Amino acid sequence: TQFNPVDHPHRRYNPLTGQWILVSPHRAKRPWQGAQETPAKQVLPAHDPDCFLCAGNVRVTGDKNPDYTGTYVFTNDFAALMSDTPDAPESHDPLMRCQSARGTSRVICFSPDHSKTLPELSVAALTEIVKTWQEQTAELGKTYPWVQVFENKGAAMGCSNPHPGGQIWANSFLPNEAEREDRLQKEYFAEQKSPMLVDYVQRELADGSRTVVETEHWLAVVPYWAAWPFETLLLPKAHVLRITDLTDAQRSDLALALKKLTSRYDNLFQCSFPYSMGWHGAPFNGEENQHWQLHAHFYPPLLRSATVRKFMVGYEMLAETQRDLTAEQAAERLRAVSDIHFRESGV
């Protein structure tokens, strides 16, 4: 038989992590008698008097939020890391070893509007968010080699607070992902003479099967090696080391691409579409970071619909990630919808 990626299971390589992805084209034809997701509520207030994240409201700790009108950043009340944690007793023990961990955690409210998600925000507003991401990265980076910007959107994605926003966690070390991506890029670079993702963006621009968003300065695709159903990879077209390096143009442009990508996401099932996303850029380790290329990852769980998600368990935990749909199928369905939030379009 002729090999048919659409019907034939195969494995794809993720050069960023060095891991394989199992693709099993028809897996989703099976009966689904499992959990049924709960789609988001259609009626929220712009201000929730009981929301710890709302403006002019008191946090769980009694501390009062300012009367913020834009973005708002504050040290997380339950930080995951601290700047002064004492050093751990480090050994060379090949069985049980530990290491120190310092840093901080900040929370960012995208806006005071309790009911407005990224896709529903102005490009201006979005531009503010980027500026904030930048401001945060630069300050923190002055102190920690790894600054991780991220966001958890929706209950299916473990958010513990319903207010629109993200987080930043700084680390004194290079976390798993960062060390891996760092090393792999560096090796590619040393070998190929060019940045791995810079070349990748080129190939994708020329192909288009996996393209979901394209703007002047940005490209969002369902990466070849994507793991989650509708996972996307957001990259600048030009070579950029960190978020702090973007020009104001690439910056306002980013806002636009974000609006587009998130709008498509919500348009996919005509509902708030949950996910975990975050930025990866060169570490502030004072080294040669030429091999780096700034990028954002979007890991959403929804699969068959608004109430049917993908579960990365069982074989996927004990062996390897296994996808039901191809990256090409995913991109296609994403290209199919409008890039204007249904709420904004009125359609």
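Each residue number is its position in the shown sequence, starting from 1.
Undergrad: Mean CA temperature factor from the deposited coordinates, higher in 148-156 or in 75-83?
TA: According to the entry, 148-156 carries the higher average C-alpha B-factor.
Undergrad: Tell me which of 197-205 and 240-248 has the higher mean C-alpha B-factor in the deposited entry.
TA: The stretch with the larger mean CA B-factor is 240-248.
Undergrad: If I read the C-alpha B-factors straight from the PDB entry, which of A28, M317, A282, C51 is highest?
TA: Top of the list by C-alpha B-factor: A28.
Undergrad: In this PDB entry, which of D266, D93, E120, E177 has the top CA B-factor?
TA: In this record, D93 carries the highest C-alpha B-factor of the candidates.
Undergrad: Splitting the chain's C-alpha B-factors into thirds, which one does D339 fall into?
TA: Answer is lowest: the recorded C-alpha B-factor places it there.
Undergrad: Could you say whether, by C-alpha temperature factor, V60 belongs to the lowest, middle or highest third of its chain?
TA: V60: CA B-factor falls in the middle third of its chain.
Undergrad: Please say which third, lowest, middle or highest, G286 falls into when its CA temperature factor is compared across its chain.
TA: Middle third by C-alpha B-factor.
Undergrad: Test of reading the entry: by CA B factor among the chain's modelled residues, which third contains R323?
TA: Middle third - that is where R323 ends up once the chain's C-alpha B-factors are sorted.
Undergrad: Test of reading the entry: by CA B factor among the chain's modelled residues, which third contains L16?
TA: For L16, whose C-alpha B-factor we compare with every modelled residue in the chain, the answer is the highest third.
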